[PDB]
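K.L.:
So that we are looking at the same thing, I have put the structure below in structure tokens.
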Amino acid sequence: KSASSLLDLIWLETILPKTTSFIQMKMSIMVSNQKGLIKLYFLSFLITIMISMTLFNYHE
Amino acid sequence: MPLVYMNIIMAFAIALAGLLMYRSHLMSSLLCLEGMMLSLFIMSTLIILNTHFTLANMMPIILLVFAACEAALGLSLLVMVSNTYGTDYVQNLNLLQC
Amino acid sequence: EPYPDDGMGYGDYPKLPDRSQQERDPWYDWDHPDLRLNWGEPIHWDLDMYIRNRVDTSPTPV
Amino acid sequence: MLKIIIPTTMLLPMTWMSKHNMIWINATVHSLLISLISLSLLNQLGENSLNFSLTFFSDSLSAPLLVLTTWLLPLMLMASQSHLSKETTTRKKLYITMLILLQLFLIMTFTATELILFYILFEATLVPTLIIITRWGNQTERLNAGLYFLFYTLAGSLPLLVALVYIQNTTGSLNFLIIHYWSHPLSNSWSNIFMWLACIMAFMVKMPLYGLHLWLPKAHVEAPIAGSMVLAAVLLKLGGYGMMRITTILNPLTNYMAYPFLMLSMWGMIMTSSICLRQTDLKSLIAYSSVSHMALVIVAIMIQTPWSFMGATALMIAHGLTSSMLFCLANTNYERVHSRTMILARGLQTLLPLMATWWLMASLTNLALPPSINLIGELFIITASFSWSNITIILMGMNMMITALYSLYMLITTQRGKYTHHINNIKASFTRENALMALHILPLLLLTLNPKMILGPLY
Amino acid sequence: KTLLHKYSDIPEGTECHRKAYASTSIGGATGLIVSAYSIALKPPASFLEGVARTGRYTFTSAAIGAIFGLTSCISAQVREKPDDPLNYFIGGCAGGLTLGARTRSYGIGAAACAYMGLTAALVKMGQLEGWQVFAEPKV
Amino acid sequence: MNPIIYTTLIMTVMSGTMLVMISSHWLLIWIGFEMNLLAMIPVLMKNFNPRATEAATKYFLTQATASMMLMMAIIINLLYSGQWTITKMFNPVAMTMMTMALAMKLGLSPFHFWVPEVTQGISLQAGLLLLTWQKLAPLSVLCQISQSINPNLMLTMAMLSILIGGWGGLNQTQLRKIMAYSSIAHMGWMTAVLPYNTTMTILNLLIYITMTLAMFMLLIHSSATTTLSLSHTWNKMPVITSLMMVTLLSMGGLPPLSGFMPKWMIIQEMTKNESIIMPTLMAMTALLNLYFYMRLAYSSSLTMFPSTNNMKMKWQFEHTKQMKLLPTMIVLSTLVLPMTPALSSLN
Amino acid sequence: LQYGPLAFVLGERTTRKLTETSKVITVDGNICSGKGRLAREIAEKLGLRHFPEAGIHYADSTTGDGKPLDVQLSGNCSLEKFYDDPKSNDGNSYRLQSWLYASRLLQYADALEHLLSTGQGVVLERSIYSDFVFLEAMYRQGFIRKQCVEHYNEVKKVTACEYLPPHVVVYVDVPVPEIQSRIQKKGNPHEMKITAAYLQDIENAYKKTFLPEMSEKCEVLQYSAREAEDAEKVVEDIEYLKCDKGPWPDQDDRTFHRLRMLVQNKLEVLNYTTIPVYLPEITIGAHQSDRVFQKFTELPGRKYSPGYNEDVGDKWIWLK
Amino acid sequence: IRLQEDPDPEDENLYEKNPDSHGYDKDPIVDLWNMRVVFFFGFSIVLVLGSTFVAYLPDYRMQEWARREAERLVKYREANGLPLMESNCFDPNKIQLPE
Amino acid sequence: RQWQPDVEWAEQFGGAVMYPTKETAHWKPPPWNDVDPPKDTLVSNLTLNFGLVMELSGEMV
Ligand SMILES: CCCCCCCCCCCCCCCCCC(=O)OC[C@H](COP(=O)(O)OCCN)OC(=O)CCCCCCCCCCCCCCCCC
Ligand SMILES: CCCCCCCCCCCCCCCCCC(=O)OC[C@H](COP(=O)(O)OCCN)OC(=O)CCCCCCCCCCCCCCCCC
Ligand SMILES: CCCCCCCCCCCCCCCCCC(=O)O[C@@H](COC(=O)CCCCCCCCCCCCCCC)COP(=O)(O)OC[C@H](O)CO
Ligand SMILES: Nc1nc2c(ncn2[C@@H]2O[C@H](COP(=O)(O)OP(=O)(O)OP(=O)(O)O)[C@@H](O)[C@H]2O)c(=O)[nH]1
């Protein structure tokens, strides 16, 4: 119940390896679901332009 | 930096914002694409004409001859999507979802 | 009846009574006489603990 | 080296252009011959490491591993040649190509003189192994197992690459000699703390350490036998070779930081051997057994005392030859019954008499009786660990008591019992199997006479 | 980096009200950035739904910063040790608890404490020893 | 497309990009970019399918404005400096405009959104030109002006490139889409050291181009576009799948394969500049690239996916394309690691 | 070279060599109606290269020596097995139709390549745009299931769209009772056991679904049994027809360059036939497929590339 | 049916064809040579001849030399009445301690 | 024999998204020939009124 199960095969596998897989996966579904509308793409360009020029103080 | 220079670059800035703020018409975006090269032409001309950079008068025309060349292909691109979709509406310009 | 759903991952495995293989009728025919086990009978989740040469739950007189 | 590396490389075109059926013959011929040549490096001079060229050098630690790897190469050939005899000539030739290439990297890695050159080939061993476990595996979980093995090793190795090049820019050259003679005190500081963690985690994952070890039960069990040996018999020690070399610079920060690793290995080795006390797959039984032995090597390195380093190499070599043996043993049954469950094939001494005897000495070597090299390694660590702390003998011996139960457990469950009634396909053991098993245990008991050769670089 | 200077200028273990309000601003500022992107790539419903999405994203980000700044500073006062990296860990991961509180998931809250606390501790090391992430080209 | 017209149109793109690397005038740099843009659109519209028009429209709409934005910082730099020479920019906001304009011509930051679909829509051969020849012209400008770019802006955009590129590849099916996300991840790799050292950016370029061009236009030899379609190729040409895995493993960068050439050299330079957190996270997310690299190799050669009975027909025939320069290109993209001192030659 | 881009650049036009005798006529009639006989006679009368209807081993005919290979090694489906057990779970029914349709793709590509490389006409028996009516007929009879229909339609949409229709199709109508009589005069035992229901199912969807829509892009001249025997007359009608439909009236060298480039690549013309759509009738598993391929590669002449198999006796193998 | 695959054929009894089968491959004659090569190129020359080479190697990591260097150092040191081995490792006279 | 991928293993990779969700639950995979299905053609022969009605294809009638 412990040792072989719980700690191993459940816990030690769900803390380091699988959680990193889940973290890499939850937003993988996101960053690969762009709706394909040109309006949304160029609107994200506006923000990326706006935040970089002055809001992040990237000029200086 | 005088006011006449400011009004042009600011016009470019608002032209840039409207270009990437696609409404439900590709022609309007193409029209708003038309803004900057004219703003670029105007902005370039005041700089070059003011500073008496005689040879640099090249570039204003050089700017226009090719910056209009995309408009040559862009309009045909617009009529191409309007020959299969029958509409310049950009909401249907998303067939490349997957 | 399956094991209690404590989240331990036991699944739908049957909760056979905690009774060692030592508590088997020796004279009854067994397909695995060294384990007193037949064929296809769903074996205990902890068979390798209640096996003949391990923990035995046979009733002591006292 | 050039005198071992070149013959190893030249086996590659030889096997490819060899005769249709003579591939197994010729490859076995010269791989044994190359191992004989590698016996020449077992000699070491007084204190200076045996140096041949700028890029290649050997010491009293690399050479005992070099002979082990080249001696292993014939063994995987014969063990795997049973089932591989039922596919295309190119497929079989591709396998022998891959073992030859895999061995080639191991020989060049162990004698690498530059730490960067060491890391390049140390991680390069992944590619030959990864394809072995995946392509020629005989299960379905191999697909997930290969990913687990590759990603665990790589996720730890990458910080090492960043850490290694940092030493190059700051200190200068990373030659294993110039590093030793120009050791500077790595003072305690948060940047040095992560410097210590990066240079150590890469080798810890490949040990594996308790917690960073779940790739082993998946990789080793699902891997083919030609692989199932090397992932347990040589390249785990490759992580060991990395530790004993990289810790030349990590002083005195190691003693302040070693505590989480020591407790994880020293306490986890009891838990890992407890898994072996209740297991269902024979391959998994030996796999978790390897973790317990390697965990004992993990703690052994970190005291950084003369006795610990000797017992480290002694157990490191002995376990590899041992754990390789048990995988051959599990292979023989797995071919006859076509399953890995322990209780399915109870009773083998009744049907196979000598197989029980080989199983007896195999389970005895893991039991580590005196004067077997396993015992001569574990005993040295116990004394070194006891000098470090008197309490650890409770944990150190507990495994020694626990390891007796499971090491004899498959002996009782498989051999010593009534033969299973329904099974009827057990055949008299082929003379290949018995000859292979003798090739494993005869050097081990012969090595008992002269432990000085394998005792390490501090004898 | 006016907001970044606003936070880092306040000495550790003092002016906790200023440190908290600076923490809210930094947490608030990143709230607008993520929400504005979310509205852009994913078109919401009518504007009231859009600001509802914007409000939620900003609220969590501000809340994570708010409690983190509070506990990261009072810990230095109470424990009388500002230099320790743990002084950021104990509050750095509590933001993960706050994220779990607004998302209603024990697993995601606990895992976020595992990660955010480590990163928050790492940030303290970065300021202490002299770590640089965007280092200028030196060689 | 009449072959004579097709050859001329590629030559113009050949000429347009070549003009950028040989120009010393800011206008002439913008001059070839517009010609290069003007010539690719017909090349992309090779099949005239509605998807191809979608890809061409997206590519034009994201590149023409970048050339327009390109001209904007040119005059502003002209306004504050008065010289068109390709040199350091003497006005900060112009170069802040410049880096974004050049990058979104390329796509590393959220600017990258056009790369995935546009690659998918166009043909496989057309996808090659966009992804192995269009990355030199913007990099040519960035190499020349690398002296004074803001390190904060460039590295952030490089981080986002490899982080977004690797993450999106995991959830992709069409081999064209994995190609775009793999390219996005690698472009951040090559441009991360761009402010620090320029030689190892060009190192990554030649290294990345060789493997990408080889494995793109080898995929053309397989005549497949989906993971399942690529999976079937083991039965027809198992050598192709075997070669597919070698470059795929090289694509990830596992030593001693030559795909580890850039990743190694990049970490060396960033470490030399005291930037050490930057490479480690940069190296970490490279595992995401390997995962879908490894997944594709799983379905290609490492296992055997089910085939189809009608595919027995293909065994009786053979390919007709002469795989121009293909065979040598795998060799120098998976085995050239021992030739590492060749870095000095690029300087 | 084999009409590469260099060839068309240097002057290898296609419309230059086309003459009015360049026709892609097909003779497609009912089952056992002697349409093959009429197709052969038309070829003899005109300058048309006759292409008899492709079978299971037509691919074998065009490859190697033309010797038919093992049925399992060359299709895995046999026509007579479908006759005896049309409802067998082995899927020999749909596999027979699907492989035959792929054989039709090769037949069309060979006809188009010869037509566009020599200018000679071609007469076909049951061209590409014919197999779909039997698939529908076999579907309604119940020999195959619905999922066979959608898959086959998927092949038709993906592949046949890339090709172009015939000039004027020749149709032969012979009544089903006479066809059921015509099967008996043959005497091949697998050919008697076929029911009149399937024969009827062939004919009704024929006149409802092949003649109507092909008529739009290619005229149809019906020839019943009495005029199916007539062959001198039928040539006159096809000569008195200008083919004002399809793309032939507006076909140029540019599209012909693309058409020959794709057709010459025999792999490409059926590259889209092996869609990863997995059907129980068509999906050969990994072990079975691998074993058959080993059988294929061990065969003579196929071990290496054509002209490079030293087993057959290709000399100079070290210098080619 | 779903899939068209041949099942697991069998586990070929290698002993059945040749009763003296050796367990290396199908073909007897090469298989007979297979022990003749693994035994000859194994036990004979890398195990027996291998052992004699390593066991009789020229002395490894000189000890009997170091054992030799003991007696004259101790004999010299004890005979003239000087402690047989000094506490300090390196000469301390030339050591310049800080301040 | 060693385990080999079956049809149920291929369906995992066969979808338009490797790891599907509620958003991708209806995303149809792209057509295999990459030619998306042509929708209804948008051509309108304006019935000209004269005075005789006229049905034109472009300019010519
Ligand atoms: C010492 C100085 C600083 C002191 C203060 C501490 C730092 C500031 C506060 C913490 C900032 C980092 C923590 C995350 C903040 C944003 C959280 C957020 O947006 O949560 C909402 C949402 C989570 O849920 P969601 O994924 O949308 O799924 C459910 C949908 N119904 O998530 C989203 O909608 C967005 C997607 C997930 C999050 C993406 C990453 C956001 C953070 C990026 C790094 C910010 C670093 C800031 C600090 C350093 C720079 C100043
Ligand atoms: C660095 C890490 C490792 C990187 C490489 C790893 C490679 C394998 C990785 C796994 C790949 C997936 C699993 C196996 C896939 C097999 C692919 C394949 O096509 O297999 C079947 C095929 C059949 O063989 P066939 O194509 O007919 O060619 C026979 C030789 N003419 O087989 C083949 O096509 C194979 C053909 C092999 C040809 C070998 C040629 C040898 C030449 C030797 C020259 C010797 C010169 C000696 C000179 C001496 C003096 C100096
Ligand atoms: C998968 C998660 C990680 C698994 C475990 C990996 C090992 C744990 C440690 C992680 C960090 C490894 C990277 C080490 C880089 C080289 C270390 C070294 O040589 O020490 C330097 C210290 O290294 C660092 O500063 C960086 C390492 C510390 C941790 C921060 C980055 C790593 C953690 C985040 C990325 C990895 C985690 C995964 C993310 C998805 C010394 O330089 P310095 O700081 O003194 O520089 C001079 C001056 O003082 C200022 O620079
Ligand atoms: N599945 C399938 N079977 C076909 C096709 N064309 C012909 N067959 C079969 O071919 C077999 C033999 O040819 P028949 O149909 O008897 O005759 P035919 O060649 O069409 O015409 P005749 O030459 O007049 O006899 C029959 O069993 C047909 O069903 C086709 O397109 N698909």
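Residues in the structure tokens are named by chain (A, B, ... in the order shown) and by number from 1 within that chain; ligands are numbered from 1 in the order shown.
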Write out as CSV a residue-level contact list of chain A versus ligand 1 with cut-off 10 Å: for each qualifying residue the closest pair of atoms and the distance in Å to one decimal, counting only C-alpha atoms and all ligand atoms, rows sorted by chain and residue number upward.

P.N.:
residue,atom,partner,partner_atom_place_in_ligand_line,distance
A:26,CA,ligand 1,26 (O),8.4
A:27,CA,ligand 1,26 (O),7.9
A:30,CA,ligand 1,26 (O),9.1

K.L.:
Can you tell me, as a ChimeraX atom specification, what residues are no more than 7 Å from segment 69-77 of chain E when counting only C-alpha atoms, ignoring any on the same chain fewer than 2 positions away?

P.N.:
/E:12-14,16,19-20,23,65-67,79-82,87-88,91

K.L.:
Quick one: residues within 12 Å of residue 92 of chain B, only C-alpha atoms, excluding same-chain residues fewer than 4 positions away - as a list in words?

P.N.:
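With the cut-off at 12 Å, the set is residues 35, 36, 37, 38 and 39 of chain A; 24, 25, 26, 81, 82, 84, 85, 86, 87, 88, 96 and 97 of chain B; 50, 51 and 54 of chain F.
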
K.L.:
Do you have, as a tab-separated table, the list of residues of chain F lying at most 12 Å from ligand 2, each with its nearest atom pair and that distance in Å to one decimal, counting only C-alpha atoms and all ligand atoms and ordered by chain then number?

P.N.:
residue	atom	partner	partner_atom_place_in_ligand_line	distance
F:233	CA	ligand 2	19 (O)	10.4
F:234	CA	ligand 2	19 (O)	7.6
F:235	CA	ligand 2	19 (O)	8.8
F:236	CA	ligand 2	19 (O)	9.1
F:237	CA	ligand 2	19 (O)	6.4
F:238	CA	ligand 2	19 (O)	3.6
F:239	CA	ligand 2	19 (O)	3.4
F:240	CA	ligand 2	19 (O)	6.9
F:241	CA	ligand 2	17 (C)	6.7
F:242	CA	ligand 2	11 (C)	4.5
F:243	CA	ligand 2	11 (C)	7.7
F:244	CA	ligand 2	11 (C)	8.8
F:245	CA	ligand 2	11 (C)	6.7
F:246	CA	ligand 2	4 (C)	6.1
F:247	CA	ligand 2	4 (C)	9.4
F:248	CA	ligand 2	4 (C)	10.9
F:249	CA	ligand 2	4 (C)	8.8
F:250	CA	ligand 2	1 (C)	9.4
F:253	CA	ligand 2	1 (C)	11.7
F:254	CA	ligand 2	1 (C)	9.2
F:255	CA	ligand 2	1 (C)	8.1
F:256	CA	ligand 2	1 (C)	6.7
F:257	CA	ligand 2	1 (C)	6.6
F:258	CA	ligand 2	1 (C)	10.1
F:259	CA	ligand 2	1 (C)	11.7
F:297	CA	ligand 2	12 (C)	8.7
F:298	CA	ligand 2	12 (C)	9.4
F:299	CA	ligand 2	12 (C)	10.7
F:300	CA	ligand 2	12 (C)	8.4
F:301	CA	ligand 2	12 (C)	4.7
F:302	CA	ligand 2	12 (C)	5.0
F:303	CA	ligand 2	13 (C)	7.6
F:304	CA	ligand 2	13 (C)	9.3
F:330	CA	ligand 2	4 (C)	11.7
F:331	CA	ligand 2	4 (C)	11.2
F:334	CA	ligand 2	1 (C)	8.5
F:335	CA	ligand 2	1 (C)	8.4
F:336	CA	ligand 2	1 (C)	11.9
F:337	CA	ligand 2	1 (C)	11.5

K.L.:
Using DSSP on the backbone, list every residue of segment 164-265 of chain F that comes out as helix (DSSP H, G or I), and give them as number ranges by chain.

P.N.:
F: 164-169, 175-192, 199-222, 227-236, 238-252, 260-265

K.L.:
Find the residues near ligand 4. Use a cut-off of 7 Å, count only C-alpha atoms and all ligand atoms, and write them as a list in words.

P.N.:
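What falls inside 7 Å of ligand 4 is residues 30, 31, 32, 33, 34, 35, 36, 37, 53, 79, 96, 97, 100, 101, 126, 130, 131, 134, 135 and 191 of chain G.
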
K.L.:
Show me which residues line ligand 3, defined as having an atom within 6 Å of a ligand atom where only C-alpha atoms and all ligand atoms count, and present them as a list in words.

P.N.:
residues 155, 156, 159, 162, 163, 166, 191, 192, 194, 195, 197, 198 and 201 of chain D; 129, 130, 131 and 132 of chain E; 274, 276, 277, 280, 281 and 284 of chain F

K.L.:
Keeping only N, CA and C atoms, take the residues you just selected and write them out as a PDB file, in the first residue's frame.

P.N.:
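So part.pdb came out as:
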ATOM      1  N   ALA D 155      16.978  15.984 -18.899  1.00  0.00           N
ATOM      2  CA  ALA D 155      16.602  17.101 -18.038  1.00  0.00           C
ATOM      3  C   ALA D 155      17.658  17.378 -16.978  1.00  0.00           C
ATOM      4  N   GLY D 156      18.395  16.351 -16.554  1.00  0.00           N
ATOM      5  CA  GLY D 156      19.479  16.577 -15.617  1.00  0.00           C
ATOM      6  C   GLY D 156      20.782  16.937 -16.306  1.00  0.00           C
ATOM      7  N   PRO D 159      21.497  21.067 -17.389  1.00  0.00           N
ATOM      8  CA  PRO D 159      22.181  21.966 -16.443  1.00  0.00           C
ATOM      9  C   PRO D 159      23.669  21.701 -16.342  1.00  0.00           C
ATOM     10  N   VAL D 162      25.443  23.637 -19.142  1.00  0.00           N
ATOM     11  CA  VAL D 162      25.590  25.048 -18.800  1.00  0.00           C
ATOM     12  C   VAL D 162      26.624  25.220 -17.696  1.00  0.00           C
ATOM     13  N   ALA D 163      26.589  24.346 -16.690  1.00  0.00           N
ATOM     14  CA  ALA D 163      27.571  24.420 -15.615  1.00  0.00           C
ATOM     15  C   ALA D 163      28.976  24.142 -16.130  1.00  0.00           C
ATOM     16  N   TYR D 166      30.536  26.950 -17.937  1.00  0.00           N
ATOM     17  CA  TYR D 166      30.829  28.024 -16.994  1.00  0.00           C
ATOM     18  C   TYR D 166      32.212  27.849 -16.383  1.00  0.00           C
ATOM     19  N   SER D 191      25.246  31.243  -5.353  1.00  0.00           N
ATOM     20  CA  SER D 191      25.653  30.914  -6.715  1.00  0.00           C
ATOM     21  C   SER D 191      26.438  29.609  -6.749  1.00  0.00           C
ATOM     22  N   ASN D 192      27.349  29.419  -5.792  1.00  0.00           N
ATOM     23  CA  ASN D 192      28.075  28.157  -5.702  1.00  0.00           C
ATOM     24  C   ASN D 192      27.148  27.006  -5.337  1.00  0.00           C
ATOM     25  N   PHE D 194      24.014  26.520  -6.363  1.00  0.00           N
ATOM     26  CA  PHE D 194      23.407  26.036  -7.597  1.00  0.00           C
ATOM     27  C   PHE D 194      24.457  25.499  -8.558  1.00  0.00           C
ATOM     28  N   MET D 195      25.672  26.048  -8.511  1.00  0.00           N
ATOM     29  CA  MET D 195      26.798  25.434  -9.205  1.00  0.00           C
ATOM     30  C   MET D 195      26.977  23.989  -8.765  1.00  0.00           C
ATOM     31  N   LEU D 197      24.657  22.100  -7.325  1.00  0.00           N
ATOM     32  CA  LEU D 197      23.471  21.320  -7.664  1.00  0.00           C
ATOM     33  C   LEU D 197      23.464  20.927  -9.136  1.00  0.00           C
ATOM     34  N   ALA D 198      23.891  21.836 -10.016  1.00  0.00           N
ATOM     35  CA  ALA D 198      23.871  21.549 -11.446  1.00  0.00           C
ATOM     36  C   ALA D 198      24.883  20.472 -11.816  1.00  0.00           C
ATOM     37  N   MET D 201      23.318  16.983 -10.178  1.00  0.00           N
ATOM     38  CA  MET D 201      22.018  16.416 -10.530  1.00  0.00           C
ATOM     39  C   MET D 201      22.097  15.559 -11.786  1.00  0.00           C
TER      40      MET D 201
ATOM     41  N   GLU E 129      23.014  37.985  -4.666  1.00  0.00           N
ATOM     42  CA  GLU E 129      24.357  37.715  -5.168  1.00  0.00           C
ATOM     43  C   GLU E 129      24.720  38.641  -6.322  1.00  0.00           C
ATOM     44  N   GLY E 130      23.736  39.042  -7.121  1.00  0.00           N
ATOM     45  CA  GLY E 130      23.999  39.908  -8.253  1.00  0.00           C
ATOM     46  C   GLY E 130      23.678  39.258  -9.580  1.00  0.00           C
ATOM     47  N   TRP E 131      22.721  38.334  -9.572  1.00  0.00           N
ATOM     48  CA  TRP E 131      22.328  37.647 -10.793  1.00  0.00           C
ATOM     49  C   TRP E 131      21.693  38.621 -11.776  1.00  0.00           C
ATOM     50  N   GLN E 132      21.916  38.373 -13.063  1.00  0.00           N
ATOM     51  CA  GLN E 132      21.302  39.148 -14.131  1.00  0.00           C
ATOM     52  C   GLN E 132      20.708  38.188 -15.147  1.00  0.00           C
TER      53      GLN E 132
ATOM     54  N   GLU F 274      28.289  36.297 -18.827  1.00  0.00           N
ATOM     55  CA  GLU F 274      27.742  36.228 -17.475  1.00  0.00           C
ATOM     56  C   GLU F 274      26.243  35.968 -17.452  1.00  0.00           C
ATOM     57  N   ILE F 276      23.605  33.521 -17.352  1.00  0.00           N
ATOM     58  CA  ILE F 276      23.559  32.092 -17.070  1.00  0.00           C
ATOM     59  C   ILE F 276      22.152  31.571 -16.809  1.00  0.00           C
ATOM     60  N   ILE F 277      21.243  32.375 -16.253  1.00  0.00           N
ATOM     61  CA  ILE F 277      19.846  31.957 -16.163  1.00  0.00           C
ATOM     62  C   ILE F 277      19.229  31.901 -17.552  1.00  0.00           C
ATOM     63  N   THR F 280      19.917  28.452 -19.375  1.00  0.00           N
ATOM     64  CA  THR F 280      19.348  27.271 -18.730  1.00  0.00           C
ATOM     65  C   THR F 280      17.869  27.124 -19.058  1.00  0.00           C
ATOM     66  N   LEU F 281      17.103  28.205 -18.906  1.00  0.00           N
ATOM     67  CA  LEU F 281      15.707  28.178 -19.321  1.00  0.00           C
ATOM     68  C   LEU F 281      15.609  28.003 -20.831  1.00  0.00           C
ATOM     69  N   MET F 284      16.138  24.404 -21.312  1.00  0.00           N
ATOM     70  CA  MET F 284      15.057  23.593 -20.755  1.00  0.00           C
ATOM     71  C   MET F 284      13.911  23.425 -21.744  1.00  0.00           C
TER      72      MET F 284
END

K.L.:
Determine which residues of chain H sit within 10 Å of chain G, taking into account only C-alpha atoms, and present them as a list in words.

P.N.:
residues 1, 2, 3, 4, 5, 6, 7 and 8 of chain H

K.L.:
Choose the residue, out of C:49, C:37, C:43, C:16, that has the smallest atom-to-atom separation from chain D; count only C-alpha atoms.

P.N.:
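Ranking C:49, C:37, C:43, C:16 by distance to chain D, first place goes to C:49.
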
K.L.:
Give me, as a list in words, all polymer residues having an atom no more than 7 Å from segment 197-201 of chain F, counting only C-alpha atoms and skipping those fewer than 5 positions away in the same chain.

P.N.:
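Those residues are residues 143, 190, 191, 265, 266, 346 and 347 of chain F.
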
K.L.:
Keeping only N, CA, C and O atoms, take the residues you just selected and write them out as a PDB file, in the first residue's frame.

P.N.:
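As written to disk, selection.pdb reads:
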ATOM      1  N   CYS F 143      22.031  41.203 -38.214  1.00  0.00           N
ATOM      2  CA  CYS F 143      23.466  41.016 -38.039  1.00  0.00           C
ATOM      3  C   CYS F 143      24.216  42.336 -38.174  1.00  0.00           C
ATOM      4  O   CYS F 143      25.146  42.610 -37.406  1.00  0.00           O
ATOM      5  N   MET F 190      18.724  31.042 -32.512  1.00  0.00           N
ATOM      6  CA  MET F 190      19.794  31.666 -33.284  1.00  0.00           C
ATOM      7  C   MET F 190      19.886  33.157 -33.002  1.00  0.00           C
ATOM      8  O   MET F 190      20.976  33.738 -33.052  1.00  0.00           O
ATOM      9  N   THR F 191      18.756  33.796 -32.712  1.00  0.00           N
ATOM     10  CA  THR F 191      18.733  35.232 -32.484  1.00  0.00           C
ATOM     11  C   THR F 191      18.959  35.609 -31.027  1.00  0.00           C
ATOM     12  O   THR F 191      19.114  36.798 -30.730  1.00  0.00           O
ATOM     13  N   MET F 265      26.954  25.762 -28.884  1.00  0.00           N
ATOM     14  CA  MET F 265      27.727  26.985 -29.061  1.00  0.00           C
ATOM     15  C   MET F 265      27.000  28.192 -28.483  1.00  0.00           C
ATOM     16  O   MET F 265      27.638  29.131 -27.991  1.00  0.00           O
ATOM     17  N   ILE F 266      25.667  28.190 -28.538  1.00  0.00           N
ATOM     18  CA  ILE F 266      24.908  29.307 -27.983  1.00  0.00           C
ATOM     19  C   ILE F 266      25.126  29.398 -26.479  1.00  0.00           C
ATOM     20  O   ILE F 266      25.422  30.470 -25.941  1.00  0.00           O
ATOM     21  N   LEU F 346      33.590  31.269 -40.253  1.00  0.00           N
ATOM     22  CA  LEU F 346      32.450  32.145 -40.492  1.00  0.00           C
ATOM     23  C   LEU F 346      32.743  33.585 -40.091  1.00  0.00           C
ATOM     24  O   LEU F 346      32.120  34.511 -40.620  1.00  0.00           O
ATOM     25  N   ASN F 347      33.673  33.793 -39.165  1.00  0.00           N
ATOM     26  CA  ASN F 347      34.028  35.139 -38.727  1.00  0.00           C
ATOM     27  C   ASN F 347      34.639  35.947 -39.866  1.00  0.00           C
ATOM     28  O   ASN F 347      34.164  37.035 -40.191  1.00  0.00           O
TER      29      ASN F 347
END

K.L.:
Identify, on the basis of only C-alpha atoms, every residue whose closest approach to residue 56 of chain I does not exceed 8 Å; exclude the query and any residue fewer than 5 positions from it along the same chain; express the result as a ChimeraX atom specification.

P.N.:
/I:45-47,61

K.L.:
Dump N, CA, C and O atoms for the selected residues as a short mmCIF file (atom, residue, chain, number, x, y, z; two decimals), in the first residue's frame?

P.N.:
data_model
loop_
_atom_site.label_atom_id
_atom_site.label_comp_id
_atom_site.auth_asym_id
_atom_site.auth_seq_id
_atom_site.Cartn_x
_atom_site.Cartn_y
_atom_site.Cartn_z
N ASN I 45 -25.77 35.94 -63.22
CA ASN I 45 -26.09 36.43 -64.56
C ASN I 45 -27.26 37.40 -64.45
O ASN I 45 -28.42 37.00 -64.43
N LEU I 46 -26.94 38.69 -64.36
CA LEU I 46 -27.95 39.73 -64.23
C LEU I 46 -28.92 39.68 -65.40
O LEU I 46 -28.53 39.83 -66.56
N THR I 47 -30.20 39.44 -65.10
CA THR I 47 -31.24 39.41 -66.12
C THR I 47 -31.57 40.85 -66.49
O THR I 47 -32.38 41.52 -65.85
N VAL I 61 -22.87 37.40 -73.90
CA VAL I 61 -24.17 36.90 -73.46
C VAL I 61 -24.30 35.42 -73.80
O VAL I 61 -23.62 34.90 -74.69
#
